[PDB]
Each structure stands twice: as structure tokens, then as C-alpha cells.
């Protein structure tokens, strides 16, 4: 037809990619097989009675917005197969008619301009409109330009403003980040379908705002943080949608009369390198950045990671030169480092499958293991650490007066209460740790690293910001950093000065000033590790094999605990600076995804967990231990002997551990008193420090969590 159909043709190549299909292509044929079965199920179950209440019974309750999107997504699947020469439904008269028909019926009795949002606005302005655009785009050769307009009319009624969503409501909000991108997949495509030029130009102009880094509110920050939903760390869910959708759109947008300036898009590489890259470990997308998505059974870390990777790859393909090359190497090495998840299980279009296949087999693209790195995402209170030498990742999940602890929205993530209360993540040889039903089987009252009372929590509860702004990380280099959280629990009955000292190949956990004014007992979960029936651990307490049971066994006078696997890369050792009183247990924990997410399956799931905790029976209590992963038993025993004097201090005003091997100090000062460290120097300001002694010199890394600022050396360091 015209230039719009041209772009609409490019879109089809991106969202389905029938033109690249190849039956002799294993991965492609697998996805085709999947779509064939989908429309087969849809067709064999659609209602074909004279006068019907619903198109599909499973999605009849049209009061539930979700049923509109699910119903239309089914027609998009039919539209994909009907235009695929290799599909059994290719140009099928029945399939063509049911799509056209279904569009009309849905339009007649369910979704039209004369209707109003009922349920989630999201489906009315994003979910459904996208499915409609895609369906009309794929089958434009079967619809009249007039019918197309007719069917996208309702989209214009609900989403008239490319800059605001929920415009038909009493409180529309400005589209930013992920939402802004979907606004493009809604109005740019719909604009294309309607041959509406003003719509295209204004939506693109509106989309261009996503390329702006922010220093407040929602968006990407200079330090790599990405905030969404007012104050929630969301690089891993909304960031996904952002990069995923934008990467699909850009190729199309760029071929219009309103291409986005190159210098304007250059910021995308900032997101990739500073925001996304650090959150990817062995093909897994750190859960601490995925908000409520963690409660979705079909979006575990490795799966969520491919959403980002496919977006990054599309961007690399859109680039050229070293940029294309480096991005390709980035995607290639990450995917190849994933021995647990098959990346193709989440490449849902032929072009995406194709791109990935050529990348993996192109010998010209280097795939070299990622180097060590430490990202201090202070603008979202998270820290990601990775050691390339020992091969383990570490995630520190916190929150402050600037951020919400956990998101429970739309009945999702009902029990994430403590996932940001100083929760830590360890990524080692067991790539499936946080997968295979970890979230619905993990005991939510004992999130690893967290200090909490055992009071009962309500599923109906929702997030809160922390009273204190004294939460933050001061990074010295790629292997060393220190963090602290002026912790107070959800009902202000317990406090604790929790601090972490990341020192290259280990992390020390220090807690002091632990107080409890309530009646419930207080304890810190040193860990709750999910086990693999295939790789059993040999537990040692004080280097003596211990036999754990579902019943908590107490181990007083503990100097160390060691979990031994046949794979050094799965070993976890804990050295207690001062002999401590801990309790351990290994028990089968059962649950269902529905428990933490109403819309998930109620199917029972179960996993075996090893729980280690330390009770706090008095005020002024404390804890102190070093987490040492990926070393064998003899090396762990020898190391804890060397660290016998690493703890420099752990009280209510000062906390610090020292790495003699590196000549690095980790320090946290809660007050402005003069602290003399190791009889060598003085730290003078309240805040977080990471210092390295280089012979006669001292490299200083100071951070003031409250003002979110560093400071001149002479202000905080002396001698």
C-alpha cells in the first residue's frame, strides 16, 4: 500500500518475523510448534454458538480487565500463524474468519470507545491496545483500512495523550520509563495502522524523554540505578520492559519522518553498561531489582534475564563498529556462562532466535568471561558485587527513607516483607538456587541476612520507606566496598546497625546495637540456602561434621560453619569473629506460587532449605561473621585462622573489619567522634569508608549516606 504499511511490515518482522522462518531450523521450528498448538487450543475451544457470552470460557469474566488482553493476545497468535507459510493455519479461511469475527464481537460487546476502564487501566491502554495493533499489523492484508481505523478507535479513546496514561480517569499520570515505551508500542503502531502522522510524530517526541537520565524521581540515574513506581528499585522488571520494547520500536521509529537523533540515543549504552550489566550473573537477573515480578512462576531470574539480553542484542544489531561488537560480546559471554537456562526458551520471535544463533556461532565475536566488578547503586539502595577470579556474585538488598522496601501490588508478592531488610544474595555454582520454586517455598519470615522479630505478618500489608536516610555503600574499587543500614523494623520494635564489608573474595556481616522493645523474639538469619537433591552438602560446625534435622539444633560456642559440596564453586563458609550461639536446621519447605501471587498456580511446590540463625535475647546484642564462598575445606580453615584478627570493632558507634592481605579497611562511623583505626590513621566523620593502604599512601573512599555526598579527604581522614 504505502509507507505506513512499509513500517508496519518492518514491525511484523520484529514482533513475529515470519519472513525469517526456516523449518530446518531446530529452534525456530520449536517456537512454531508452540504457536501451532496455541492457536489449535484456541480454535478448538473458542465459542461458536449462535449468540455467545464469551469468546473463550477461560476468559469470560470481562469485568476482569485481564480477560480483554488475554482474549486479544489469542487473536495475535492466530494472526501470527495465519501469515506463516509453514503454519498449518497459513491462509486458513476458518482462522482468517475467526480473527476478523472475534475482533468484531469483542469490539461489539466488550472493547469500544463507548466503554470505560473497569479493572486495571493497564489492560485498557497498554495490554489490549498492543495486542490489537499487532493483530491488525500482521493481518493488514485481510482488513480494510476502514476496519482498521474502526478497531483502533477504542485505543484512541483510552490513550489519546502520548504523554499521559489513564487520561479517561480522574488522575492521569505522566508516562515515563517502561510505561513511556509501551506508550510508543501503543500509539506509534496504532498511528501507523491509522496512517495518522501527527500521532506518530508526537508519540516519538514523547518517547524521546526516556533517554533522559534523572537525579530524582523515576528513571535511570548516573550511578546506574533505575527507580520506578515513585521510589522502587525496578531495573529488573520495568527496566526490562523499557529496553525490551524500545529495542523493538527503534528500528521502526528510525525509518519514519521523525527519526530519533543519534546523540540522543547514545544514553542507551549507559543503561546497558551501568544499570543492566552488573545485575546479570551467569545468565541470571538479580531478583533484588525485579520488584513484584519475583512472585511470577514464569519469570524466574534466568527467564527475566533473557528479556534484557534480547533487548541488548537488538540494540547491538542496530549499532555498528566496536559498539556493535562489544555489545555482541557482552550478550554472547553472558548467555554462554549460563549452563542452567536455555536462552532460546525466551526468544519469542524468529528474528530474535536467528540473531542469537548467528551470535553464538560467529567466531568473530569474542566470548571472554566477564571481569570482576562492584556497583554501588546508591540511588536505589542496592549493591551488586562480582568476583571473576573465584566466580561468585553478591547482592545487597536494602532500602531507606528514599526507597520502598518491597512492592505488593495487584495481589503479587504478598510475602516480600523482608526482602530489603538487609537481605543478601549469593550467586555461585548452583545457577538454579533462586529458581525452581525458591520464592514460593522460601520461609518469608527468615530472609537471609535479615534481623527480625518473629511476629506474624499480614499478606495484605504493603511497603514502607525506612525512617532513616543513613543507608548506603562507599565503593573503593571493583573488589572492595563497605555498606551500612540504620535499620528499624516495620513496626519500630527492633533496631540494628547492620553493616557489610565487601573485601574481594569475602563479605563480613556486622550487626550492633540490636534492641527489641517488643515481646516477640529477635534473631538474624545468617542464611536460608535452597539445596539440590543432586548436590548434598556436608555440614561442619567448628570443622566437625554435623547432622542437621528439620528440628532446629543449637550450636553454642560456634567459631565456624562450613557447607561442603563436591563442587568447590558451591562451598559456603561462615567464620564467626567471636564464638557465637547459632541454631541450624535442614527441612523440606512446601508452598505454592498462589500463596505469594493470587494469579499464580496453587499447585504445591517444595524445596529443601538449610537455615542458619542467631537469636538476640538482649538489648545491645550484636553479630559478626565473615562469609567465604567457593573455597575448599582446608583453604577455608586456613583462611579463618588468618582472619582471626580482622574485626577491628563492632559497637553502637563504630564498626570495621580489616583485610591484612589487601591492606584494606572497611569502616562505618555512626557519629562524628575521632576514631583511631589500627593505630595508623583516624576517620573523623559519620559515614561509610573503604580505605586501602598503599605503602606510605592511603586511597580513601568516603560516602555520607544521608547527604548522598563524598567529602574532601582532610575532612574525614587524618594521619
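Positions refer to the first chain, counted from 1.
- Stretches compared: 143-151, 611-619. Higher mean C-alpha B-factor in the entry: 143-151.
- Mean CA B-factor, 204-212 versus 473-481: the higher value falls on 204-212.
- Highest CA B-factor among 29, 664, 40, 668, as stated in the entry: 40.
- Highest CA B-factor among the listed residues (248, 528, 267, 432): 267.
- Ranked within its chain, residue 158 lands in the highest third, by CA B factor from the PDB record.
- When all modelled residues of the chain are sorted by CA temperature factor, residue 80 is found within the middle third.
- When the modelled residues of the chain are ordered by their C-alpha B factor, residue 654 lands in the lowest third.
- Per the deposited record, the Cα B-factor of residue 675 falls in the middle third when ranked against the other modelled residues of its chain.
- Among the modelled residues of its chain, residue 702 has a C-alpha B-factor that falls in the lowest third according to the deposited record.
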